[PDB]
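One chain is shown next in structure tokens, namely the form deposited in one PDB entry.
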């Protein structure tokens, strides 16, 4: 992996802040000569970080190439700030879209779900977990194509990791099994399938289930023995295949819950007429209400 030890401000002009958090910032940026629009993700680098692990993580981003995953172009390390140059998605997230357009149609949701599953089946074949499938992390380009934004780079380095360590507290008295869970958590690969189920409801209804209920209460209810997975609110609005998609994706037991490959053979996402045109209609609704 060629991490360029140079200022990215020489190569790109930063236009507009798209978003950010503790990890750092993501900008819309223009290439100075070539004129390509890119997404430039600034990641804050703390002084006692392994450069070898950073190299392995950028190598993981370089090797992770797939149509439904946002493309990696290159890296810059300059003044304890890692910059990751990526594919720009000009319509933002599905969240940004649905907040203006209102709820997606069933065919639109079916197309989105197929493309996310294609993305997830690839990530799971590489022994990765997305960990955060939601409307806000599914990006849409001007062509109506679907890309997953991958925030996994911030987990292994920088301020997001430093904040995770502060929350976990001192580890010196902690047992191996407790340390294992502090790093990993409950995240396995099939948790992304659950999250997609919730996302499909989110796109259908403008909120995930229990969005107005307090988060601790939701967490307690999810962990009970007789917890009932959520459902679509209106039954008649949606077809039997869409209800079944939600039913199988929201299987409570991880052992019984179907994989991304399994889900790609489901009726909802395997039907004909699912293409980017459906999202071009959505982007037209956004522009001309």
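Positions refer to the first chain, counted from 1. Note that the rigid core is defined as the largest set of C-alphas that superpose within 1.5 Å between two forms.
Although it is not shown, the form deposited in another entry is what the next lines describe.
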query: Tell me, which of 45, 264, 250, 232 is the one whose C-alpha shifts by at least 2 Å between this form and the one not shown, with the rigid core superposed?
result: 45
field: Core-aligned C-alpha movement of residue 71 between this form and the one not shown, 2 Å or more
entry: no
- request: Verify the C-alpha shift of residue 277 between this form and the one not shown: is it 2 Å or more after superposing the core?
  value: no
task: Superpose the two forms on their rigid core, then report whether the C-alpha of residue 223 is displaced by 2 angstroms or more between this form and the one not shown.
output: no
